[PDB]
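For reference, my_file.txt (compact mmCIF, C-alpha atoms):
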```
# COMPACT_ATOMS: atom_id res chain seq x y z
CA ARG B 1 -8.31 -9.49 -5.85
CA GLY B 2 -7.15 -12.84 -4.56
CA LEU B 3 -4.85 -15.15 -6.47
CA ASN B 4 -2.05 -17.58 -5.72
CA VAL B 5 -2.19 -20.58 -8.06
CA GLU B 6 -1.12 -24.03 -6.92
CA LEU B 7 1.52 -25.43 -9.31
CA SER B 8 1.35 -27.08 -12.65
CA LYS B 9 -0.01 -30.17 -11.05
CA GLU B 10 -3.22 -28.25 -11.56
CA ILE B 11 -3.62 -30.91 -14.27
CA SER B 12 -3.93 -33.52 -11.53
CA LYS B 13 -7.07 -31.67 -10.51
CA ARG B 14 -8.11 -31.16 -14.11
CA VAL B 15 -7.78 -34.91 -14.70
CA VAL B 16 -10.13 -35.77 -11.84
CA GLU B 17 -12.53 -33.07 -13.03
CA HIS B 18 -12.68 -34.79 -16.42
CA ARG B 19 -13.54 -38.09 -14.72
CA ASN B 20 -16.14 -36.54 -12.43
CA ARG B 21 -17.76 -34.57 -15.23
CA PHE B 22 -17.76 -37.66 -17.44
CA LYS B 23 -19.64 -39.72 -14.87
CA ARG B 24 -22.21 -36.98 -14.29
CA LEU B 25 -22.64 -36.42 -18.02
CA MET B 26 -22.86 -40.05 -19.10
CA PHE B 27 -25.24 -40.94 -16.26
CA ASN B 28 -27.78 -38.23 -16.86
CA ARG B 29 -27.44 -38.52 -20.66
CA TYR B 30 -28.19 -42.20 -20.51
CA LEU B 31 -31.37 -41.62 -18.60
CA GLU B 32 -32.02 -38.56 -20.79
CA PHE B 33 -32.38 -40.95 -23.67
CA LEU B 34 -33.78 -44.15 -22.10
CA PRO B 35 -37.47 -43.03 -21.93
CA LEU B 36 -37.78 -43.24 -25.71
CA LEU B 37 -37.07 -46.60 -27.31
CA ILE B 38 -40.36 -48.13 -28.31
CA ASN B 39 -42.80 -45.50 -29.72
CA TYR B 40 -45.04 -48.27 -31.09
CA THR B 41 -46.48 -47.55 -34.59
CA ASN B 42 -46.36 -43.85 -33.85
CA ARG B 43 -49.77 -42.12 -33.76
CA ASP B 44 -51.74 -44.22 -36.15
CA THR B 45 -55.04 -42.86 -34.89
CA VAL B 46 -54.57 -42.46 -31.15
CA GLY B 47 -54.33 -39.21 -29.24
CA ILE B 48 -51.38 -40.04 -27.01
CA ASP B 49 -48.23 -37.98 -26.75
CA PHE B 50 -46.09 -41.09 -26.51
CA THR L 1 -12.21 -24.04 -10.56
CA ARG L 2 -8.40 -23.79 -10.85
CA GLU L 3 -7.65 -24.39 -7.18
CA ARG L 4 -5.37 -21.63 -5.95
CA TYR L 5 -4.01 -20.86 -2.50
CA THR L 6 -4.42 -17.12 -2.83
CA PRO L 7 -3.33 -16.42 0.76
CA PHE L 8 0.16 -17.48 1.70
CA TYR L 9 0.83 -16.17 5.16
CA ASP L 10 2.74 -16.39 8.46
CA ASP L 11 1.71 -18.09 11.70
CA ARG L 12 2.38 -17.81 15.43
CA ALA L 13 1.14 -21.09 16.93
CA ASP L 14 3.22 -23.89 18.34
CA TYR L 15 3.28 -27.65 18.36
CA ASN L 16 4.83 -30.77 19.77
CA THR L 17 1.97 -33.24 19.87
CA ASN L 18 3.30 -36.09 22.01
CA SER L 19 1.51 -38.63 19.88
CA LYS L 20 2.09 -41.40 17.35
CA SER L 21 -0.01 -39.98 14.54
CA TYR L 22 -2.64 -37.34 13.84
CA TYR L 23 -5.18 -39.93 14.87
CA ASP L 24 -3.85 -40.67 18.33
CA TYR L 25 -3.52 -36.94 18.95
CA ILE L 26 -7.22 -36.57 18.11
CA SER L 27 -7.91 -39.26 20.70
CA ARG L 28 -5.76 -37.54 23.31
CA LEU L 29 -7.49 -34.24 22.66
CA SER L 30 -10.84 -36.01 23.04
CA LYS L 31 -9.79 -37.40 26.42
CA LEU L 32 -8.56 -33.95 27.42
CA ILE L 33 -11.79 -32.14 26.62
CA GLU L 34 -13.61 -34.94 28.45
CA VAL L 35 -11.59 -34.51 31.63
CA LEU L 36 -11.87 -30.74 31.70
CA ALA L 37 -15.59 -31.06 30.96
CA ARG L 38 -15.78 -33.19 34.10
CA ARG L 39 -13.90 -30.40 35.86
CA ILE L 40 -16.62 -27.99 34.74
CA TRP L 41 -19.22 -30.39 36.14
CA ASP L 42 -17.65 -30.47 39.55
CA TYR L 43 -17.46 -26.69 39.43
CA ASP L 44 -21.24 -26.86 39.01
CA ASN L 45 -21.64 -29.42 41.80
CA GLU L 46 -19.60 -27.21 44.11
CA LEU L 47 -21.19 -23.95 43.06
CA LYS L 48 -24.89 -24.88 43.25
CA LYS L 49 -24.21 -25.96 46.82
CA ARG L 50 -22.43 -22.67 47.54
CA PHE L 51 -25.38 -20.69 46.24
CA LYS L 52 -27.91 -22.71 48.13
CA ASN L 53 -25.82 -21.66 51.12
CA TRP L 54 -25.04 -18.02 50.29
CA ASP L 55 -28.30 -16.64 48.96
CA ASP L 56 -30.03 -17.89 52.10
CA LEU L 57 -27.78 -15.48 54.02
CA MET L 58 -28.50 -12.69 51.57
CA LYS L 59 -32.22 -13.40 51.76
CA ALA L 60 -32.35 -13.83 55.54
CA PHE L 61 -29.98 -10.93 56.15
CA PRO L 62 -32.22 -8.32 57.91
CA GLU L 63 -33.56 -10.83 60.44
CA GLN L 64 -29.98 -11.88 61.21
CA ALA L 65 -29.04 -8.19 61.35
CA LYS L 66 -31.66 -7.58 64.01
CA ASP L 67 -30.69 -10.77 65.80
CA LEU L 68 -26.88 -10.62 66.11
CA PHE L 69 -26.88 -6.91 66.90
CA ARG L 70 -28.79 -7.51 70.15
CA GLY L 71 -25.92 -9.55 71.62
CA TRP L 72 -24.86 -8.22 74.99
CA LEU L 73 -21.39 -7.03 74.20
CA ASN L 74 -23.11 -3.65 73.94
CA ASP L 75 -22.27 -2.66 77.52
CA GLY L 76 -18.60 -3.23 76.70
CA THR L 77 -18.90 -0.77 73.82
CA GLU X 1 7.62 27.75 7.50
CA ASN X 2 8.89 25.37 4.83
CA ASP X 3 9.44 22.55 7.28
CA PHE X 4 8.17 18.94 7.65
CA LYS X 5 9.59 17.34 4.53
CA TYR X 6 8.83 13.87 5.87
CA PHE X 7 5.82 13.70 3.53
CA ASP X 8 8.32 14.65 0.80
CA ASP X 9 11.33 12.34 1.01
CA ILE X 10 8.84 9.49 0.62
CA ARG X 11 8.00 10.89 -2.85
CA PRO X 12 11.06 9.52 -4.77
CA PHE X 13 10.30 6.12 -3.23
CA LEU X 14 6.56 6.35 -3.75
CA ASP X 15 6.66 7.13 -7.43
CA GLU X 16 9.24 4.35 -7.77
CA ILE X 17 7.00 1.42 -6.88
CA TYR X 18 4.23 3.01 -8.93
CA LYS X 19 6.65 2.96 -11.84
CA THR X 20 7.92 -0.59 -11.42
CA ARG X 21 4.58 -1.94 -10.21
CA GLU X 22 2.42 -2.17 -13.33
CA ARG X 23 4.82 -1.74 -16.27
CA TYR X 24 6.36 -5.18 -15.90
CA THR X 25 5.27 -7.33 -18.85
CA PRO X 26 7.77 -6.09 -21.49
CA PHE X 27 10.62 -6.57 -19.03
CA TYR X 28 10.04 -9.97 -17.43
CA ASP X 29 8.76 -13.44 -18.28
CA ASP X 30 6.09 -15.92 -17.22
CA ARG X 31 7.72 -19.33 -17.01
CA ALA X 32 9.57 -21.79 -14.79
CA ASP X 33 6.68 -23.21 -12.67
CA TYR X 34 7.50 -22.16 -9.15
CA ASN X 35 6.18 -24.65 -6.63
CA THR X 36 4.00 -23.51 -3.76
CA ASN X 37 3.92 -25.48 -0.51
CA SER X 38 1.15 -24.31 1.78
CA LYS X 39 0.31 -25.74 5.15
CA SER X 40 -1.27 -29.19 5.43
CA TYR X 41 -3.44 -30.43 8.28
CA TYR X 42 -0.55 -30.63 10.71
CA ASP X 43 -0.12 -26.89 10.56
CA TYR X 44 -3.88 -26.60 10.99
CA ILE X 45 -3.84 -28.44 14.29
CA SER X 46 -0.73 -26.43 15.06
CA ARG X 47 -2.90 -23.35 14.72
CA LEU X 48 -5.52 -24.98 16.89
CA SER X 49 -3.40 -26.84 19.46
CA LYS X 50 -1.57 -24.00 21.17
CA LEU X 51 -4.80 -22.08 21.07
CA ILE X 52 -6.71 -24.78 22.90
CA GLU X 53 -4.01 -25.51 25.47
CA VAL X 54 -3.57 -21.81 26.28
CA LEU X 55 -7.17 -21.79 27.44
CA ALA X 56 -7.18 -25.39 28.66
CA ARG X 57 -4.69 -24.42 31.34
CA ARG X 58 -6.55 -21.16 31.88
CA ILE X 59 -9.72 -23.04 32.72
CA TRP X 60 -7.89 -25.71 34.67
CA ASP X 61 -6.53 -23.03 36.99
CA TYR X 62 -9.88 -21.33 37.40
CA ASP X 63 -10.37 -23.24 40.64
CA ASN X 64 -7.69 -21.41 42.61
CA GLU X 65 -8.93 -18.00 41.43
CA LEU X 66 -12.49 -19.01 42.32
CA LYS X 67 -11.16 -20.39 45.61
CA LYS X 68 -9.77 -16.95 46.34
CA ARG X 69 -13.10 -15.42 45.38
CA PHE X 70 -15.13 -17.59 47.74
CA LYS X 71 -12.47 -17.24 50.39
CA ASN X 72 -12.87 -13.49 50.58
CA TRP X 73 -16.65 -13.93 50.85
CA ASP X 74 -16.11 -15.67 54.17
CA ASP X 75 -13.45 -13.09 54.99
CA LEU X 76 -16.18 -10.49 54.58
CA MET X 77 -18.49 -12.60 56.75
CA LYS X 78 -15.98 -12.78 59.59
CA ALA X 79 -15.23 -9.09 59.13
CA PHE X 80 -18.88 -8.08 59.26
CA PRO X 81 -19.69 -7.97 63.04
CA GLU X 82 -16.62 -5.79 63.52
CA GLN X 83 -17.95 -3.43 60.86
CA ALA X 84 -21.41 -3.52 62.44
CA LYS X 85 -20.16 -2.59 65.90
CA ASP X 86 -17.86 0.00 64.33
CA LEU X 87 -20.88 1.48 62.57
CA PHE X 88 -22.80 1.40 65.84
CA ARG X 89 -20.16 3.29 67.81
CA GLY X 90 -20.28 6.00 65.14
CA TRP X 91 -23.84 7.18 65.66
CA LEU X 92 -23.98 6.97 69.45
CA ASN X 93 -21.11 9.49 69.55
CA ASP X 94 -23.63 12.13 68.51
CA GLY X 95 -26.28 10.02 70.25
CA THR X 96 -24.90 10.19 73.78
CA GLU U 1 -16.50 -3.06 41.65
CA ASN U 2 -14.79 -3.67 38.31
CA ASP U 3 -13.25 -6.94 39.43
CA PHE U 4 -13.38 -10.59 38.24
CA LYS U 5 -11.79 -10.30 34.82
CA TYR U 6 -11.40 -14.07 34.60
CA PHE U 7 -14.40 -14.17 32.24
CA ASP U 8 -12.49 -11.51 30.26
CA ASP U 9 -8.94 -12.70 29.67
CA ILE U 10 -10.51 -15.75 28.03
CA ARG U 11 -11.97 -13.40 25.38
CA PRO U 12 -8.80 -12.90 23.24
CA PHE U 13 -8.41 -16.69 23.22
CA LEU U 14 -12.09 -17.39 22.64
CA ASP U 15 -12.49 -15.20 19.61
CA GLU U 16 -9.25 -16.71 18.31
CA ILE U 17 -10.46 -20.27 17.82
CA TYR U 18 -13.71 -18.89 16.45
CA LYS U 19 -11.61 -17.05 13.90
CA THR U 20 -9.33 -19.92 12.90
CA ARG U 21 -12.03 -22.57 13.29
CA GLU U 22 -14.25 -22.15 10.24
CA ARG U 23 -12.31 -19.88 7.85
CA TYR U 24 -9.81 -22.55 6.88
CA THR U 25 -10.44 -23.56 3.25
CA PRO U 26 -8.62 -20.68 1.48
CA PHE U 27 -5.57 -21.24 3.68
CA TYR U 28 -5.02 -24.99 3.74
CA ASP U 29 -5.28 -28.04 1.48
CA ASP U 30 -7.02 -31.40 1.30
CA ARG U 31 -4.46 -33.96 0.20
CA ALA U 32 -1.80 -36.43 1.32
CA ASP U 33 -3.99 -39.37 2.53
CA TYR U 34 -3.25 -39.64 6.22
CA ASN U 35 -3.59 -43.19 7.43
CA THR U 36 -5.79 -44.01 10.40
CA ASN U 37 -5.05 -47.04 12.56
CA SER U 38 -7.86 -47.78 14.99
CA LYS U 39 -8.00 -50.62 17.43
CA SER U 40 -8.47 -54.19 16.21
CA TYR U 41 -9.96 -57.06 18.19
CA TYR U 42 -6.97 -57.35 20.48
CA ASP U 43 -7.67 -53.92 21.88
CA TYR U 44 -11.30 -54.96 22.20
CA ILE U 45 -10.48 -57.87 24.45
CA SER U 46 -8.04 -55.51 26.14
CA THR Q 1 -21.60 -46.56 3.12
CA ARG Q 2 -18.06 -45.09 3.16
CA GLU Q 3 -16.89 -46.86 6.31
CA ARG Q 4 -15.43 -44.29 8.67
CA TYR Q 5 -14.11 -44.60 12.20
CA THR Q 6 -15.62 -41.36 13.39
CA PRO Q 7 -14.51 -41.87 17.01
CA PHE Q 8 -10.81 -42.13 17.62
CA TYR Q 9 -10.30 -42.18 21.35
CA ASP Q 10 -8.16 -43.13 24.37
CA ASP Q 11 -8.41 -46.21 26.59
CA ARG Q 12 -7.57 -47.27 30.14
CA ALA Q 13 -7.68 -51.08 30.11
CA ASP Q 14 -4.77 -53.46 30.38
CA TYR Q 15 -3.61 -56.70 28.87
CA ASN Q 16 -1.12 -59.51 28.97
CA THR Q 17 -3.12 -62.54 27.92
CA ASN Q 18 -0.85 -65.47 28.78
CA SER Q 19 -1.98 -67.35 25.72
CA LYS Q 20 -0.80 -68.55 22.31
CA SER Q 21 -3.43 -66.82 20.21
CA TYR Q 22 -6.76 -65.04 20.50
CA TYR Q 23 -8.35 -68.45 20.26
CA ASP Q 24 -6.61 -70.09 23.18
CA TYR Q 25 -7.34 -67.00 25.28
CA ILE Q 26 -11.04 -67.45 24.48
CA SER Q 27 -10.72 -71.03 25.71
CA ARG O 1 1.16 -34.88 -0.55
CA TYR O 2 2.07 -32.45 2.19
CA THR O 3 2.66 -32.53 5.94
CA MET O 4 4.74 -30.61 8.48
CA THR O 5 8.13 -29.18 7.47
CA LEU O 6 11.18 -28.78 9.68
CA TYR O 7 11.87 -25.06 9.33
CA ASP O 8 8.37 -24.43 10.64
CA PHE O 9 9.05 -26.65 13.63
CA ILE O 10 12.03 -24.91 15.12
CA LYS O 11 10.63 -21.55 14.05
CA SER O 12 7.46 -22.19 16.02
CA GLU O 13 9.29 -23.67 18.96
CA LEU O 14 11.74 -20.77 19.07
CA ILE O 15 8.88 -18.29 18.89
CA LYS O 16 7.32 -20.18 21.79
CA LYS O 17 10.41 -19.16 23.78
CA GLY O 18 9.65 -15.45 23.72
CA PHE O 19 11.47 -14.47 20.54
CA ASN O 20 10.10 -12.49 17.62
CA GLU O 21 11.33 -10.98 14.38
CA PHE O 22 9.21 -7.90 13.64
CA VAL O 23 8.67 -5.73 16.72
CA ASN O 24 11.29 -7.28 19.01
CA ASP O 25 12.41 -4.48 21.35
CA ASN O 26 10.36 -1.59 20.08
CA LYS O 27 11.92 -0.69 16.73
CA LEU O 28 10.98 -2.30 13.43
CA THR O 29 13.49 -5.12 13.15
CA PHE O 30 12.24 -6.99 10.09
CA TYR O 31 15.26 -5.95 8.04
CA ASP O 32 17.91 -6.48 10.75
CA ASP O 33 19.89 -9.62 9.95
CA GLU O 34 20.66 -10.68 13.51
CA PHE O 35 17.02 -11.16 14.46
CA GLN O 36 15.03 -13.10 11.90
CA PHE O 37 15.01 -16.83 12.35
CA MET O 38 16.58 -17.95 9.08
CA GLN O 39 19.87 -16.35 10.07
CA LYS O 40 19.67 -17.98 13.49
CA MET O 41 19.34 -21.36 11.80
CA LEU O 42 22.06 -20.84 9.23
CA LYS O 43 24.49 -19.42 11.79
CA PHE O 44 23.12 -22.19 14.04
CA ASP O 45 23.81 -20.50 17.35
CA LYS O 46 23.57 -21.84 20.89
CA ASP O 47 19.81 -21.29 20.86
CA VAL O 48 18.77 -23.39 17.85
CA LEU O 49 21.31 -25.98 19.00
CA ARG T 1 -4.93 -55.99 8.57
CA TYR T 2 -4.58 -54.72 12.10
CA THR T 3 -3.70 -56.12 15.52
CA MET T 4 -2.10 -54.86 18.73
CA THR T 5 0.64 -52.21 18.57
CA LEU T 6 3.60 -51.84 20.91
CA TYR T 7 3.14 -48.28 22.13
CA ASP T 8 -0.28 -49.30 23.40
CA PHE T 9 1.24 -52.22 25.27
CA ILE T 10 3.68 -50.42 27.48
CA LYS T 11 1.29 -47.50 27.80
CA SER T 12 -1.40 -49.79 29.17
CA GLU T 13 0.99 -51.70 31.35
CA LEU T 14 2.49 -48.51 32.75
CA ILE T 15 -0.98 -47.14 33.45
CA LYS T 16 -1.69 -50.41 35.24
CA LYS T 17 1.10 -49.40 37.64
CA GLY T 18 -0.71 -46.39 39.05
CA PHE T 19 0.50 -43.73 36.64
CA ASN T 20 -1.60 -41.25 34.71
CA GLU T 21 -1.12 -38.27 32.42
CA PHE T 22 -4.09 -35.93 32.88
CA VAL T 23 -5.01 -35.45 36.54
CA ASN T 24 -1.89 -36.94 38.15
CA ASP T 25 -1.46 -35.12 41.48
CA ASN T 26 -4.36 -32.71 41.38
CA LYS T 27 -3.39 -30.13 38.76
CA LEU T 28 -4.06 -30.47 35.06
CA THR T 29 -0.86 -32.06 33.79
CA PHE T 30 -1.73 -32.82 30.17
CA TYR T 31 0.69 -30.20 28.89
CA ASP T 32 3.57 -30.96 31.28
CA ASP T 33 6.32 -32.76 29.38
CA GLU T 34 7.63 -34.89 32.24
CA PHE T 35 4.37 -36.77 32.72
CA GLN T 36 2.84 -38.01 29.50
CA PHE T 37 3.95 -41.43 28.39
CA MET T 38 5.54 -40.61 25.04
CA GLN T 39 8.27 -38.65 26.76
CA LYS T 40 8.82 -41.50 29.21
CA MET T 41 9.36 -43.85 26.29
CA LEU T 42 11.62 -41.55 24.29
CA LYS T 43 13.71 -40.63 27.33
CA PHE T 44 13.37 -44.34 28.19
CA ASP T 45 13.79 -44.00 31.93
CA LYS T 46 14.21 -46.66 34.61
CA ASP T 47 10.47 -47.28 34.60
CA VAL T 48 9.87 -48.20 30.96
CA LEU T 49 13.13 -50.15 31.08
```
When written as structure tokens, how does the structure in this file appear?
Amino acid sequence: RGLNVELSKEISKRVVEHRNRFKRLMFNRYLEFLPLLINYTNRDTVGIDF
Amino acid sequence: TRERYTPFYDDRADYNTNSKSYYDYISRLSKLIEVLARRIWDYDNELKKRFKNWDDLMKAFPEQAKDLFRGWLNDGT
Amino acid sequence: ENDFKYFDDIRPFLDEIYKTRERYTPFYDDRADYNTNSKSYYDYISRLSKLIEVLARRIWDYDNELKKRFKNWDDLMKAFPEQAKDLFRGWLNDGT
Amino acid sequence: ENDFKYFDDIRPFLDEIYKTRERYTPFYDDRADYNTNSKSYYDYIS
Amino acid sequence: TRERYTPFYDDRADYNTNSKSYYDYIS
Amino acid sequence: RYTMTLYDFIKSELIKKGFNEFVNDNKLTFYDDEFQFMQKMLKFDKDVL
Amino acid sequence: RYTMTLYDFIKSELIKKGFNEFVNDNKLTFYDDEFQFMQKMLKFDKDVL
């Protein structure tokens, strides 16, 4: 075992983790969505996985 | 996660860094390793010359051993 | 004999910490937020600084030790013809 | 002979910095924002 | 990026520029 | 934010001057009150002075 | 904003006057407290004066 916790300004590391995880999440979510906006009269007759 | 300092220990190393900040002490320590590195280089410059001298004597030893032994102090012995 | 009870007077103080070691949580509390202050960078270069100067001096003064060690080389060189003639007068004793 | 232990008394102070050189991150912290002041133009024309 | 002054060193050059500013010393 | 303390300073500088607190003469002296450094700083003897 | 300091001034002007702190006589004098400049400014001897 190994344990000796910092303080309860652990929150001041939890706060910056929330910021860092929010940037990572919002960035890759926004490009997770962005390649589907158009879809253009979806598969009328044409064999394309749009 | 949950950044903990799980060791919490005792030390035996000593310090009075005659320096304005951490920064200027880093500079001083840089100068110091530079000057003792130059000391190692003049150890090399001395020592290559010493071994160009010495190993000649260790290579040319038996010829010198035949040569100096024939000196004519032998009658005194 | 029934001697060497030095393994035995430890017993009432070796069961004791085993008693009060792991039965704590009905007796104590977990509060109050004790602060922990542990060793910034200045203690790190403390740990490094004495350590580097204690070999910085001990490679600065390598020259006088090495000066001794290539002094006694030449001491051996100036002692060698004496040892050669001393070796020579050994064998001619039986030789003559 | 078993002489010239000048390569050898360095050993307990050459393993030491190798010990305390790279095992630091459970023992120390990364905070406090030390300022660095480094040499403006006046030291350059110095 | 992230402008760092990765050397931080010691100097051996000397200065008393008998001049009002940097500018007048350049002159 | 954390830097050097002042207890650690005079402790390390007094231990530079040959002192110790655990194995001082030969006997285990961790518990003996006239040897560990905190008592030398609270008594504030000639040495810490 | 950064310009000249004042420690650097009298350090450079004292090193203009033949002094040094590393290789002063011939021996390595970086660790010796009576030679590096910070002690000469805190003691504030005749020379810095």
Find the residues of chain B that sit at most 10 Å from chain L; for each, write down the nearest two atoms and how far apart they are in Å, to one decimal. Count all atoms listed in the file. Sort by chain, then by number going up, and give it as a tab-separated table.
```
residue	atom	partner	partner_atom	distance
B:1	CA	L:6	CA	9.1
B:2	CA	L:6	CA	5.4
B:3	CA	L:6	CA	4.2
B:4	CA	L:6	CA	3.8
B:5	CA	L:4	CA	4.0
B:6	CA	L:4	CA	5.0
B:7	CA	L:4	CA	8.6
B:10	CA	L:2	CA	6.9
B:11	CA	L:2	CA	9.2
B:13	CA	L:2	CA	8.0
B:14	CA	L:2	CA	8.1
B:17	CA	L:1	CA	9.4
```
Would you kindly report the residues of chain T within 10 Å of chain X, using only C-alpha atoms, as an mmCIF file with C-alpha atoms, keeping the file's coordinate frame?
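Final output, iface_21.cif:
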```cif
data_model
loop_
_atom_site.group_PDB
_atom_site.id
_atom_site.type_symbol
_atom_site.label_atom_id
_atom_site.label_comp_id
_atom_site.auth_asym_id
_atom_site.auth_seq_id
_atom_site.Cartn_x
_atom_site.Cartn_y
_atom_site.Cartn_z
ATOM 1 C CA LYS T 27 -3.390 -30.130 38.760
ATOM 2 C CA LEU T 28 -4.060 -30.470 35.060
ATOM 3 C CA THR T 29 -0.860 -32.060 33.790
ATOM 4 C CA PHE T 30 -1.730 -32.820 30.170
ATOM 5 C CA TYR T 31 0.690 -30.200 28.890
#
```
Considering all atoms listed in the file, tabulate each residue of chain Q that lies at most 12 Å from chain L along with its nearest interatomic pair and the corresponding distance in Å to one decimal; arrange the rows by chain and ascending residue number and present them as a Markdown table.
```
| residue | atom | partner | partner_atom | distance |
| --- | --- | --- | --- | --- |
| Q:5 | CA | L:23 | CA | 10.4 |
| Q:6 | CA | L:23 | CA | 10.6 |
| Q:7 | CA | L:27 | CA | 8.0 |
| Q:8 | CA | L:27 | CA | 5.1 |
| Q:9 | CA | L:27 | CA | 3.8 |
| Q:10 | CA | L:27 | CA | 5.3 |
| Q:11 | CA | L:31 | CA | 8.9 |
| Q:12 | CA | L:31 | CA | 10.8 |
```
Counting all atoms listed in the file, note down every residue that has an atom within 8 Å of the point (-4.2, -56.4, 32.1) (file coordinates), as a PDB file with C-alpha atoms, in the frame of the given file.
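Generated file (part39.pdb):
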```pdb
ATOM      1  CA  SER U  46      -8.040 -55.510  26.140  1.00  0.00           C
TER       2      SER U  46
ATOM      3  CA  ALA Q  13      -7.680 -51.080  30.110  1.00  0.00           C
ATOM      4  CA  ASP Q  14      -4.770 -53.460  30.380  1.00  0.00           C
ATOM      5  CA  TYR Q  15      -3.610 -56.700  28.870  1.00  0.00           C
ATOM      6  CA  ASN Q  16      -1.120 -59.510  28.970  1.00  0.00           C
ATOM      7  CA  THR Q  17      -3.120 -62.540  27.920  1.00  0.00           C
TER       8      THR Q  17
ATOM      9  CA  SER T  12      -1.400 -49.790  29.170  1.00  0.00           C
ATOM     10  CA  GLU T  13       0.990 -51.700  31.350  1.00  0.00           C
ATOM     11  CA  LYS T  16      -1.690 -50.410  35.240  1.00  0.00           C
TER      12      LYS T  16
END
```
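The spacing separating atom CA of residue O:10 from atom CA of residue O:48 amounts to 7.4 Å.
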- Message: Need to verify the contact set: stretch 34-41 of chain T, 9 Å, only C-alpha atoms, exclusion of same-chain residues closer than 5 positions in sequence. Can you return it as a ChimeraX atom specification?
- Response: /L:18-20 /T:7,10-11,14,19-22,24,29,47-49
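Rounded to one decimal, atom CA of residue X:77 and atom CA of residue L:65 lie 12.3 Å from each other.
For chain L, the residues no farther than 7 Å from chain X when using all atoms listed in the file are residues 8, 13, 14 and 15 of chain L.
The space separating atom CA of residue L:56 from atom CA of residue X:72 comes to 17.8 Å.
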- Contact set, chain U to chain Q: 9 Å, only C-alpha atoms, as a PyMOL selection string: chain U and resi 36+38-39+41-43+45-46
